[PDB]
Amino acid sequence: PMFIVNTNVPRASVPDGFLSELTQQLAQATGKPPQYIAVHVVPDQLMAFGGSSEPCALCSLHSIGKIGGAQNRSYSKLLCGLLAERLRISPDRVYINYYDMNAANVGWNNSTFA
């Protein structure tokens, strides 16, 4: 699993330990071992959501499996919860794109997960 968040919230407002918290919570939620969970946070972005420049985030979660209707609802509650608590972003100003990747379409370690 890889989780990326793009946000217009400034760098200074991202708290120490945010990447590790994202890692642990995602390991928990997705089942997958934390050793292979990747996370990318991108602050200070030039964005608008609904035409407004109030705090917002555009995110993506890529996973080999563990993507589905019920699971995705659960991930969003988790991730929106984190973004609201740690970055003060309203959950209704967050979009998260979910990608169910084929193992053959994910490269890692000079090869793929196929």
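Quick note: we count residues from 1 along the sequence shown, nothing fancier.
Mean C-alpha temperature factor, higher of 79-87 and 33-41: Mean CA B-factor is higher for 33-41.
Selected stretch [higher average CA B-factor]: 6-14 or 21-29: Per the deposited B-factors, the answer is 21-29.
Selection by C-alpha B-factor (highest) of 64, 61, 58, 48: Highest C-alpha B-factor among the listed options: 64.
Residue 72 by Cα B-factor - lowest, middle or highest third of the modelled chain: It falls in the middle third of the chain.
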